[PDB]
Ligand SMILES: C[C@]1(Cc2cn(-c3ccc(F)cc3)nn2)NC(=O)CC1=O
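Take a look at this single chain, the form solved without this ligand, given in structure tokens.
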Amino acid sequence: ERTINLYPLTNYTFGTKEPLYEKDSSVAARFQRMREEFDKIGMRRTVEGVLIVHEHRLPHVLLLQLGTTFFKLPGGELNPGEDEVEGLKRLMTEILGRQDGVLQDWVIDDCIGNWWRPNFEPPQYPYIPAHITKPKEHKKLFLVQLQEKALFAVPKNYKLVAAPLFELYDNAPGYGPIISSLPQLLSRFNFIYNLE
């Protein structure tokens, strides 16, 4: 099996840093940027981190929230040739990393899933459909192990939230197909719920 340590939500200090805005202004624009980028460099490689905490013996995924309805995992695009893990570390540091100059290494060990984007369009799937040779994006999900205590500096345009599994489960409407199946993908691990 595989044993993962969880800690209470209140073990973590939420801070703020300066806002971090999406590279593109519109849905239409991001798919043309994807279209253009692919044709020079090929498949986009995205990595994302699943940070798990708990309250009351039940796991919570840390999500970033924009507005009312929009949710996303900390993560982002890999630069060409970049190692998967080394770049998720980078992306973690850039998103939630503290700025008071404390050391903060990210412990990223397990891959909890893969999602591919067949065309330049919203849909993604946990497999490469059989008519597709060159997916436009490959999204890889990693489990990030948290320290007993930590400070995340959350960019001011985002709001860091802990979603209990029951809120995510069978809730694609709320969270999309990737996040809503986090419960299922989390289920293989053996969680220890330390108390603080």
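Definition used throughout: the rigid core is the maximal C-alpha set that superposes within 1.5 Å between two forms. Start at 1 with the first residue shown and count on from there. Only residues modelled in both forms are compared.
There is also a form deposited with this ligand bound; it is not shown, and the following applies to it.
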Can you tell me which of 51-59, 163-171, 128-136, 150-158 lies within 4.5 Å of this ligand in the deposited complex, counting heavy atoms only? 150-158
Verify the contact flag for residue 18: yes if a non-hydrogen atom of it lies within 4.5 Å of a non-hydrogen atom of this ligand in the deposited complex, no if not. no
Consider residue 64 of the chain shown here, and say whether it contacts this ligand in the deposited complex, taking contact as heavy atoms within 4.5 Å. yes
Check residue 87 for me: does it contact this ligand in the deposited complex (non-hydrogen atoms, 4.5 angstroms)? no
Examine residue 110 and determine whether its closest non-hydrogen atom to this ligand in the deposited complex is within 4.5 angstroms. no
Which residues from 9-32 come close to this ligand in the deposited complex, meaning a heavy atom within 4.5 Å? 13, 20, 22, 23, 24
Core-aligned C-alpha movement of residue 67 between the shown form and the other one, 2 Å or more: yes
What moves between the shown form and the other one once the core is lined up, counting runs of 3 or more consecutive residues with C-alpha shifts of 2 angstroms or more? 67-69, 101-103
